[PDB]
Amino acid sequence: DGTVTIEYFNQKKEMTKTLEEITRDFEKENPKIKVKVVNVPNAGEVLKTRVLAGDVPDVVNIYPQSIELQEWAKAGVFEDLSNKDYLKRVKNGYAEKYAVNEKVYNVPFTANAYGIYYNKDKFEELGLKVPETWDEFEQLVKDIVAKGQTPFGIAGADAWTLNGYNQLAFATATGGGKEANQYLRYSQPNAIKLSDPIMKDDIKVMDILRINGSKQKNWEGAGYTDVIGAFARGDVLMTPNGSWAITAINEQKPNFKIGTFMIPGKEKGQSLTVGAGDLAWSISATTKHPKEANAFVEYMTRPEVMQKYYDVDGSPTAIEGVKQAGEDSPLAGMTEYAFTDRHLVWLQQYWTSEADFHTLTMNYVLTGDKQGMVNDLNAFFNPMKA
């Protein structure tokens, strides 16, 4: 044949079209290299299945904060990338941030963030402003309801959409990422109580989604795609989601200017965001073609290649020589403190899982069971403390 075939296991399902075009550009420059792009649903679970099966894809899209990356790096599943030349194209010391045993096993090209998408046009129409406190965010929702408009679009069927919301609910209440994990993860068993002021603050922030008439009709069984469309059409004024959503929203061709804002704290200037490596690649240590796999990763570190991805995606990049958008862009408010302290890492960096945290978050929006949520939190965190 002559040509060799490497596999790229993608999790960026929103960026399927652009990543394939970049792949074709690579294939045209490398005639002896063919790249198969894999896009399967529930890619995170399929990856667990494949790694254990010993069928590790050549290039793997894996989130570098995950416990999966940490465990598999120590096991020797991934190639050491510490002394690669293309790693010098990663600024903000972002590759070093997710080092395992002081060794880099992942190239995080982009960083995701979390906030609230909002309709700038209808905000101007109704004379609404971006909230700076919990109380203001409560009022904003109530003001929208009274105007006969739906504030939030919530994906009840996809609990992972509110992961960033609840994590920031704890973050803004406690002080930051470390402070949130001190209350939740590194506390004593059965420490989380309803009487705890931090918990009372958490409920308050979560109750913003529980305000009368805050959510759209038939939200309980609404998916991630459903809410993207609902926001794009202008059926809902806001939707809480990650920076990964904007490319899907843009594709729906909305007839309004899109904006974002961070989930605020108790008082002004206490707003935070959460995220980690979005487009983040690792190379299999057991690959038959390590030179070809490295050439694919190196290709993505190129500024003119990364620009092509960024122009569609929009999430902040750590790649050198990429012209990024200004404060006029949709993700301006959400990614305002990108690559700073106020951009804390996903809390599941020090958890054994996160799936149940999604469930108990959404379950509260469904039921409003305060004690039930507290019980869910203890049942989730206790096994980790043991």
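For every residue, the number given is its place in the sequence shown, counted from 1.
- Judged by mean Cα B factor in the deposited record, 77 to 85 ranks above the other of 209 to 217 and 77 to 85.
- Looking at 59 to 67 and 324 to 332 together, the entry lists the larger mean B-factor for 324 to 332, computed on C-alpha atoms.
- The PDB entry assigns the greatest CA B-factor among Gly156, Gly115, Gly275, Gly148 to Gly148.
- Per the deposited record, the Cα B-factor of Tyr105 falls in the middle third when ranked against the other modelled residues of its chain.
- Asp369: CA B factor lies in the middle third for its chain, per the PDB record.
- Placement of the Cα temperature factor of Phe123 within the chain: highest third of the modelled residues, per the deposited record.
- Sort the chain's modelled residues by C-alpha temperature factor and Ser353 lands in the lowest third, per the entry.
- The deposited CA B-factor of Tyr94 belongs to the highest third of values across its chain.
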